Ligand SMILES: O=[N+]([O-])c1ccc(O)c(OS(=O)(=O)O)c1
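The data below hold one chain only, encoded as structure tokens and taken in the form solved without this ligand.
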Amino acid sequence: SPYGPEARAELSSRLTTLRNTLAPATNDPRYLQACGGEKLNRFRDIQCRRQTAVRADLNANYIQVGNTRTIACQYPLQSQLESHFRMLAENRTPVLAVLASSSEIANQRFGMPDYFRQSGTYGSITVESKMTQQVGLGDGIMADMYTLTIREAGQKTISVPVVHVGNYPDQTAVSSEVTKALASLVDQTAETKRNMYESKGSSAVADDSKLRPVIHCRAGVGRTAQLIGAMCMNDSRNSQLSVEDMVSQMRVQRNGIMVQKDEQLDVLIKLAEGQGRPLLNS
């Protein structure tokens, strides 16, 4: 019964209501507005909750799901790259997970710059990319890893581990098994890097806004939300956090599109069922 069609219909009912309530109005005080004529939102109707925004010129949010702290963002626009790199460096980012595929990044019409697989200079920031490991996730899906070294006069140099799902499939969800493997890889990569900062006495360890995994796909609401949900279920501190809680938290803290497609929610429901985790709040 707890995972039956009736419960799933009720979950969808609650979530649909929330999406509608959170839809952005014109100049909505709840959402970050572009300062001028420069594009902020990659998609006009996929907006950035103002109160949890990371930077005034990025579509990017702090999200806490139960105890699990992350940043979810859109794929940065070309015009946003310098700010995006500064965000990554200031956060002492312990892992950057990119869920847009190589084919999507290569599609010029999508305007997704290949900012992490090659080196470059963006305003005052110089970035070096190096390839590291490759980890299979199941179903032939492969995580290609990199290190991004971000240099800028006046700032400390920061290196960021990157997990890129280069062959993330199109027009379909990855399975619960692949998602679990991806969440484990992302969390493990973050733990290793966070530990290095702790060992060096970094002040970022004490700052709730820093040391957050940064996750994006194209818009930061579909694949990204599926992964964040899986990461929260991979966190031993989150006993009794329901699927309703996790999706509501993502939506209130970023936008009402988080977990964009029913196919993505299906994966989260399957993961929850495997754990005996509730779908709904009583």
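Start at 1 and count along the sequence shown; that's the residue number.
Another form exists, deposited with this ligand bound; not displayed. Remarks below refer to it.
Under a 4.5 angstroms non-hydrogen atom cutoff, this ligand in the bound PDB entry lacks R251 among its neighbouring residues. The shortest heavy atom separation between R223 and this ligand in the bound PDB entry is within 4.5 Å. Remark: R218 counts among the residues lining this ligand in the bound PDB entry, judged by a heavy atom distance of 4.5 Å or less.
The closest heavy atom approach of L40 to this ligand in the bound PDB entry falls outside 4.5 Å.
Heavy atoms within 4.5 Å of this ligand in the bound PDB entry are found in one stretch of 59-67, 232-240, 26-34, 42-50, which is 42-50. Of all the residues from 243-265, the single one having a non-hydrogen atom no more than 4.5 Å from this ligand in the bound PDB entry is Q260.
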